[PDB]
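Residue numbers (the working numbering), protein chains in the order written: chain A, 1 to 74; chain B, 75 to 148; chain C, 149 to 237; chain D, 238 to 326.
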């Protein structure tokens, strides 16, 4: 399926993923498409911080869902 | 000199640069330190979008000044 | 609400005036249309505001487009708004 | 930085704490406020340290919460990001 990842400003990218994919894999897609390192990506969904270990289905991230991305500069 | 780069959320890094240096070189420093490609970096100062061709002194970015960084997701 | 749209229109006028060193005097909001994106938490909004503003001193009609993204998660809230385009009728 | 904006930041802190720990705190009032502000030209970073009274079991108790609020505005847009940084008795 296709999901959205948006920043706080409303700039949007789209990644084709499967519910089996991991947040680490999503951040790898974001690195491949846009070039932002995964260690800088703090992903947000459903009023929760997303952990690199859990899957999209764990968070009930169905088709056409949108995640948010905040840069950390860690 | 030392300058600050913050995101819209308040995450902060510090870079050592010279007023002769260009915004392209600063964005390259951000790439080296934090890993964000310069093509994704939209740097803000004095309420202006910074052009990669001009220098820090052109925009009156004095020592210890603070810039803000917004992701572009090209 | 009409207050939040009034404030978004004053936002548009102020930011455009700062964008061109113009001095447009906000009068009122005549018509407002918006496109809204909703989700469990964030609410994305593109406002298509038709406002009245004074250019030389006499009222003129301008259409402003403001992008407003409110993102909040547990413990926090972000409110980003951005003037994306400003143009008269 | 005024008592209305502090009231709203305190209600933000109490509500977000309630959602973060599934607590049910009844906001009473803000007793003391301390703040740290950076006011760079066209930006305002603020860490609010508010000690407010709220009743957890029905009787008032005293909690200090610190909420981070960053107001970033540039020529075309403005961001208002706020984040509950700590809630503690």
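We treat Cβ as the ideally placed atom computed from N, Cα and C, and that holds for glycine.
Residue-chain proximity (residue i, chain B), Cβ-Cβ < 8 Å
i                      : result
residue 312 of chain D : yes
residue 47 of chain A  : no
residue 54 of chain A  : no
residue 34 of chain A  : yes
Cβ neighbour criterion (16 or more within 10 Å) applied to residue i
i                      : result
residue 293 of chain D : exposed
residue 219 of chain C : buried
residue 161 of chain C : buried
residue 229 of chain C : buried
residue 88 of chain B  : exposed
residue 306 of chain D : buried
residue 10 of chain A  : buried
residue 237 of chain C : exposed
residue 34 of chain A  : buried
residue 32 of chain A  : exposed
residue 86 of chain B  : exposed
residue 101 of chain B : buried
Alpha-carbon to alpha-carbon, residue j and residue i
i                      : j                      : result
residue 189 of chain C : residue 206 of chain C : 43 Å
residue 3 of chain A   : residue 270 of chain D : 42 Å
residue 290 of chain D : residue 79 of chain B  : 37 Å
residue 90 of chain B  : residue 98 of chain B  : 14 Å
residue 174 of chain C : residue 260 of chain D : 45 Å
residue 285 of chain D : residue 303 of chain D : 5 Å
residue 240 of chain D : residue 273 of chain D : 16 Å
residue 111 of chain B : residue 187 of chain C : 30 Å
residue 235 of chain C : residue 197 of chain C : 11 Å
residue 282 of chain D : residue 275 of chain D : 5 Å
residue 254 of chain D : residue 298 of chain D : 15 Å
residue 133 of chain B : residue 116 of chain B : 15 Å
residue 39 of chain A  : residue 172 of chain C : 45 Å
residue 223 of chain C : residue 257 of chain D : 7 Å
residue 268 of chain D : residue 145 of chain B : 39 Å
residue 226 of chain C : residue 20 of chain A  : 30 Å
residue 233 of chain D : residue 321 of chain D : In this structure chain D extends from 238 to 326, so residue 233 of chain D is not present and cannot be described.
residue 44 of chain A  : residue 53 of chain A  : 14 Å
residue 56 of chain A  : residue 50 of chain A  : 9 Å
residue 301 of chain D : residue 233 of chain C : 43 Å
residue 245 of chain D : residue 147 of chain B : 34 Å
residue 67 of chain A  : residue 30 of chain A  : 12 Å
residue 247 of chain D : residue 65 of chain A  : 32 Å
residue 249 of chain D : residue 266 of chain D : 12 Å
CB contact below 8 Å: residue i versus chain D
i                      : result
residue 228 of chain C : yes
residue 231 of chain C : yes
Coil, strand or helix - residue i by DSSP
i                      : result
residue 280 of chain D : strand
residue 161 of chain C : helix
residue 112 of chain B : helix
residue 87 of chain B  : strand
residue 261 of chain D : coil
residue 274 of chain D : strand
residue 321 of chain D : strand
residue 43 of chain A  : strand
residue 99 of chain B  : helix
residue 151 of chain C : helix
residue 246 of chain D : helix
residue 312 of chain D : coil
Chain C contact for residue i (CB, 8 Å cutoff)
i                     : result
residue 44 of chain A : yes
Proximity test, Cβ basis, 8 Å: residue i and chain A
i                      : result
residue 138 of chain B : no
residue 115 of chain B : no
residue 152 of chain B : Because chain B spans 75 through 148 in this model, residue 152 of chain B falls outside it and cannot be assessed.
residue 147 of chain B : yes
Short CB-CB distance (under 8 Å) between residue i and chain F
i                      : result
residue 154 of chain C : Going by chain labels, chain F is absent from the structure shown, which instead holds the protein chains A, B, C and D.
Residues, ordered as in the chain, of the stretch 180–198 of chain C that lie near chain A by beta-carbon distance below 7 Å: 187, 188, 189, 190 and 192
The stretch 77–98 of chain B: which residues have C-beta closer than 7 Å to a C-beta of chain D, in chain order? 82, 83 and 84
Quick one, which residues of the stretch 253–266 of chain D are near chain C if we go by CB-CB under 8 Å, in chain order? 253, 256 and 257
Taking beta-carbon pairs under 8 Å, can you tell me which members of the stretch 292–312 of chain D lie near chain B? 305, 307, 309, 310, 311 and 312
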